[PDB]
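Readers should treat all values here as calculations from the given coordinates under stated rules, not as data from a laboratory. Here the Cβ positions follow ideal geometry from the backbone for every residue, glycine too, while neighbour counts run over all protein chains shown.
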Amino acid sequence: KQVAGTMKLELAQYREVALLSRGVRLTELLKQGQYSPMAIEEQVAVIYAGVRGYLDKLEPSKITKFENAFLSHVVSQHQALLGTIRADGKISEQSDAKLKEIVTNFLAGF
Amino acid sequence: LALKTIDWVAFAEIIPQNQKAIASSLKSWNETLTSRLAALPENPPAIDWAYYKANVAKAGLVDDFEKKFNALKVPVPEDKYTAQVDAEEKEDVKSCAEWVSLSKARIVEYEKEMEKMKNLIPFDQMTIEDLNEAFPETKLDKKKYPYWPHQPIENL
Amino acid sequence: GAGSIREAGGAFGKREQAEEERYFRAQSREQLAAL
Amino acid sequence: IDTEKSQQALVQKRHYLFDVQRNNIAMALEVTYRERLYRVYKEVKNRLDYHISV
Amino acid sequence: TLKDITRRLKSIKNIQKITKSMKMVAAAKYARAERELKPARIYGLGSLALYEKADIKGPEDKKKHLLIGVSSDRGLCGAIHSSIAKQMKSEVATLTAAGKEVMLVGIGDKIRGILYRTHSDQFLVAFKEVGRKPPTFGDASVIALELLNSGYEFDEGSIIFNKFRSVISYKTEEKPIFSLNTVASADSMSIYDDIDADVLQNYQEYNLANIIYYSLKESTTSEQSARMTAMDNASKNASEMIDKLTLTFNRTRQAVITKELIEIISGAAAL
């Protein structure tokens, strides 16, 4: 809910003016493959990494690439953050800070 | 499997331009293995026999299979390349250990050079024969120009 | 039947919305400065 | 001087170029070793579920 | 669907009406902007008779270069703003290939907004408000000042504009702009008396406001006629589309009435 409120509003704002780059990033974030249902924890992490600004630097033709690699990295290394997300249900300030850490470090790696 | 973590941002800057394709292609092979390795268990589910011992109407086939399967030693390929790439590194470090040594010489020089220009006489007490040893830029070319003013009149 | 270009919702209505609201977003962020 | 310092830092990180090759090799064999353990099990079971399918 | 076709008919009828009104407005604007081209074509062309009688050729050895593209702010003209940009970036690479450093200036928001993507740093200054009002010498005099209060030691220049020939067709053209060191060094200017390197500077600085003014009159009477033609074609296309959609609307309303009849009749005959 916390992430999707702002995501819905930003997607609306983009749809009336079709910012504009953030909206393109969000739509390319919404695209999904077939028979690939994500978890709610992973979903909220992706839409976080999308709405907090860490993707207005990439070109959309590599957005899905970034999310594939980022999901691989997070599910391979950061099961405790996602476990806390699945347990609490809120993106606490501790969880928000740790997720900021993870996304900035991976964006540096990418 | 004792993997070693790698800071890709550090890996990105220590490659020379003449071989970026190799090091980039090495990156390509890297993550492709990481997922593929994680996308399947280390060992397959060893299939049951009890479901095959009794529900198969053949005699001997359901055992000699399990016997030959257990008596099958699938060869794991030996490394035969880890020491060969390690042969390069130890030599590389040797070629780089000397470089950080020679840099130390070229640094103890500069710090000794810089303290000179850090302690130059207050210019009010300085002589034109002292300004030449400090700034060799200012010494006139008494060999190219033998006569006064020992420099191009335009430069003057 | 005025306003029909916007009531239809084709290409000339979407671009009407885009033009108008980009102009007014510029004017809005400029008027927030003068205040 | 400071530019010479950084050149000491960059060459300090050199070993990563060999750490990848080690990592990229070591698991490459494990991938083949693992996948080799399917080509045996995925086939002997195949020849088992046949005689139970027919 | 009948409501869809009614929506689209109303939309395209509004478009056709507004486009016809705009065509008549552009025809009213062009008739004026072409009456005021006859006194501004004797002035402007009488301002370049010297550089043709003195036959200034210009030096091909200097590197710095200026390139003026004249256009307006408003679109809906056709290839007006596209022909200028087509000519600019065509010869920007031609002079850059020979080492001649070229720096651009944009008169009109359209010629800037086009080339702002590719050549944005090769851009000295740009201007606005070109097109709403008929261009006057007060506008050409301003543009000439910032072309001098810019610190760009341009050694050769060309201004690209749309030469007006008739209501049907125009052509893109570039007029050369000579600096002081080429008009003061040309050995064909030795006949001109009482000349020193200052009275040539005042004469080269004025002849920059002329060739810009003569350009703003040609590229505004060639833009209003092109807007007239483009709005005429747009209104005509909207009219044929309205005709086709009205045929389809009649077919659809007849089909809807027949379908309702068949529904009522099948409901009545099943009792």
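Values computed for the structure shown
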{"quantity": "Sorted by Cβ density within 10 Å, fewest first, the residues D:32, B:5", "calculated": "B:5, D:32"}
{"quantity": "Coil-residue trypsin sites (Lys or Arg not before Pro) of segment B:42-89, DSSP, other Cβ within 10 Å capped at 16", "calculated": "B:58, B:73, B:80"}
{"quantity": "Least to most buried among A:20, A:26, B:156 (fewest other Cβ within 10 Å first)", "calculated": "B:156, A:20, A:26"}
{"quantity": "Note, ³J(HN,Hα) from phi for segment B:4-10, Karplus 6.51, -1.76, 1.60, rounded to Hz, x at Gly and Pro", "calculated": "10, 5, 9, 7, 4, 5, 6"}
{"quantity": "Exposed-loop-free span, longest in chain E, where GluC sites (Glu not before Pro) count as exposed if DSSP calls them loop and at most 16 other C-beta atoms lie within 10 Å", "calculated": "E:154-271"}
{"quantity": "Share, in percent, of DSSP beta bridges within segment E:25-230 that are antiparallel, nearest 5", "calculated": "35 percent"}
{"quantity": "Gap separating the Cα centres of segment E:75-136 and segment A:54-107, nearest whole Å", "calculated": "45 Å"}
{"quantity": "DSSP loop trypsin sites (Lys or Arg not before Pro) with at most 14 other Cβ within 10 Å: longest gap in chain E", "calculated": "E:166-271"}
{"quantity": "Ranking of E:119, A:78 by count of other Cβ atoms within 10 Å, fewest first", "calculated": "A:78, E:119"}
{"quantity": "Alpha-carbon centroid distance for the pair segment E:30-66 / segment C:1-30, whole angstrom", "calculated": "43 Å"}
{"quantity": "Principal axis box of segment E:211-251, alpha-carbon based, largest edge first, Å", "calculated": "60, 8, 5"}
{"quantity": "Percentage relative contact order, chain E, counting C-alpha pairs under 8 Å, at least six apart", "calculated": "31 percent"}
{"quantity": "Amide H partners (placed H, <5 Å) of residue E:104, local residues excluded", "calculated": "E:123, E:124"}
{"quantity": "Spacing of the two label points (7 Å from each Cα toward its C-beta) at residue E:270 and residue B:99, in nm", "calculated": "8.9 nm"}
{"quantity": "Within segment E:163-207, chymotrypsin sites (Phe, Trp or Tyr not before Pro) in DSSP loop having at most 15 other beta-carbon neighbours inside 10 Å", "calculated": "E:192"}
{"quantity": "Positive dipole terminus of the protein assembly as shown, leading residue within E:71, E:257, E:190 (C-beta point charges)", "calculated": "E:257"}
{"quantity": "Sites excluded, GluC sites (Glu not before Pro) in DSSP loops with at most 15 other C-beta within 10 Å, longest stretch of chain B", "calculated": "B:79-136"}
{"quantity": "q = 0.19 Å⁻¹: log10 I(q)/I(0) that the Debye formula gives for chain B, counting C-alpha atoms only", "calculated": "-1.32"}
{"quantity": "Separation between Cα centres of segment B:61-134 and chain D, rounded to whole Å", "calculated": "26 Å"}
{"quantity": "Positive minus negative residues near residue A:59 (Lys, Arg vs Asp, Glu; Cβ under 13 Å)", "calculated": "+2"}
{"quantity": "Inverse of mean 1/r across different Cα pairs in segment E:1-133, Kirkwood, Å", "calculated": "18.5 Å"}
{"quantity": "Under 5 Å, built H, 5+ apart or other chain: amide partners of residue E:158", "calculated": "E:66, E:67, E:68, E:177"}
{"quantity": "Check: segment E:25-230 dipole with +1 on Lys, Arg Cβ and -1 on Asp, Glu Cβ, in debye", "calculated": "1380 debye"}
{"quantity": "Calculated from backbone phi, Karplus (6.51, -1.76, 1.60) coupling profile of segment E:33-42 in Hz, x at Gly/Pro", "calculated": "4, 9, 6, 8, 8, 6, x, 8, 9, 7"}
{"quantity": "Kirkwood Rh, angstrom, the protein assembly as shown [1 / mean 1/r, Cα pairs]", "calculated": "34.9 Å"}
{"quantity": "Table column - 3J(HN,Hα) (Hz), segment E:53-65, Karplus curve with 6.51, -1.76, 1.60, x for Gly and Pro", "calculated": "6, 6, 6, 5, 8, x, x, 9, 9, 6, 9, 4, 7"}
{"quantity": "Trypsin sites (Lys or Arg not before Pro) within segment A:78-110: DSSP coil, no more than 16 neighbouring Cβ in 10 Å", "calculated": "A:90"}
{"quantity": "Across A:57/E:110; A:62/E:63; A:31/E:20, pairs whose alpha-carbon gap is larger than 32 Å", "calculated": "A:62/E:63; A:31/E:20"}
